[PDB]
Amino acid sequence: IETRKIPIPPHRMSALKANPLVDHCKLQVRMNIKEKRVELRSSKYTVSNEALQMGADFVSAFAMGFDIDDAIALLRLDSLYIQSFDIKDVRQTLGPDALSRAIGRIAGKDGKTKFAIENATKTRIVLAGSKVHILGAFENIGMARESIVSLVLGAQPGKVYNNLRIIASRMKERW
RNA sequence: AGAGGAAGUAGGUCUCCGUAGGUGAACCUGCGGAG
């Protein structure tokens, strides 16, 4: 019998207040968004550390910013991953124009480039300041990561998007 | 004015907060801070 307790941010608190994981994984849960913790606990009906770990990754990813749709998608697909990238990782210039300009290049007006790479490379992204979070198969995740570091490197969205699309095609192809 | 003669050129998204107004709990818009 194992339990695991996860802390949350105060951002998504009403989304958590909206309403099942006991029915999902037969795994008993307590919650308190004032101590910012949630308690996953293995009962006699939960059978696997994989069920424990995937419920943990599920709740922590919904905390880290995605919604219930891609959350239960993470719950369903076992081959489906999340990753947390900081923009303070590998840095081309030492000037502190890093946050605003690079995330302007990346997200763009009305999230057009963001949603564009989401639809073009089959992944799902959330942007939270210095921390961005990729969700997908690990190929899509690493691909989105290279697109992110190139759009902070300084290539225009046109060229990085075109290369992104063509490698999306050659990645999707079986033969 | 004259018909002739002759020649030549054709780029800040999502969420949270603090605001001001709006139709008020909420909620929307505008502004300013955080992930």
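A quick note on method: Cβ atoms are made from the backbone with ideal geometry, for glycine too, and the neighbour counts reach across all protein chains shown. Read-outs throughout are calculated quantities, based only on the coordinates presented, and are distinct from any laboratory measurement.
In a fully extended conformation the segment linking A:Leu77 and A:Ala137 would gain 20.6 nm over its present Cα-Cα distance, using 0.36 nm per residue. Would you calculate a helix-derived [θ] at 222 nm for chain A, using -39,500 (n - 2.57) for each DSSP H run of n ≥ 4 and dividing by the full residue count, to the nearest 500? About -15000 deg cm²/dmol. On the beta carbon distance between A:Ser100 and A:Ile167, with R0 = 35 Å, the FRET formula returns roughly 0.75. Oblate is the label for region A:25-87. Its Cα gyration tensor axes, ordered a ≥ b ≥ c, give a/c of at least 1.5 and b/c at or above a/b. Each label point was placed 7 Å from the Cα along the Cα-to-Cβ direction; for A:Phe115 and A:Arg174 their separation is 3.3 nm. Of the GluC sites (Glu not before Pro) in region A:28-101, the ones in a loop by DSSP (not H, G, I, E or B) with at most 15 other beta carbons within 10 Å are A:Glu35.
Toward the positive end of the charge dipole of region A:1-122, with +1 on the Cβ of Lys and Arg and -1 on the Cβ of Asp and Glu, the farthest Cα among A:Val47, A:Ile1, A:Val29 is that of A:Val29.
Legend: translational diffusion of region A:1-58 by Stokes-Einstein, Rh = Kirkwood radius over C-alpha pairs, 20 °C, 1.002 mPa s; D = 182 µm²/s.
Computed from label points 7 Å out along Cα-Cβ, the spacing between A:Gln28 and A:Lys88 is 4.0 nm. Just to check, using Stokes-Einstein with a Kirkwood Rh over alpha carbon pairs, what's the diffusion coefficient of chain A at 20 °C and 1.002 mPa s in µm²/s? Translational D for this selection: 120 µm²/s. Of all the C-alpha pairs in region A:96-153, what % are more than 17 Å from each other? The share of Cα pairs beyond 17 Å in region A:96-153 comes to 30 percent. The distance separating the Cα centre of region A:9-29 from that of region A:94-169 comes to 29 Å.
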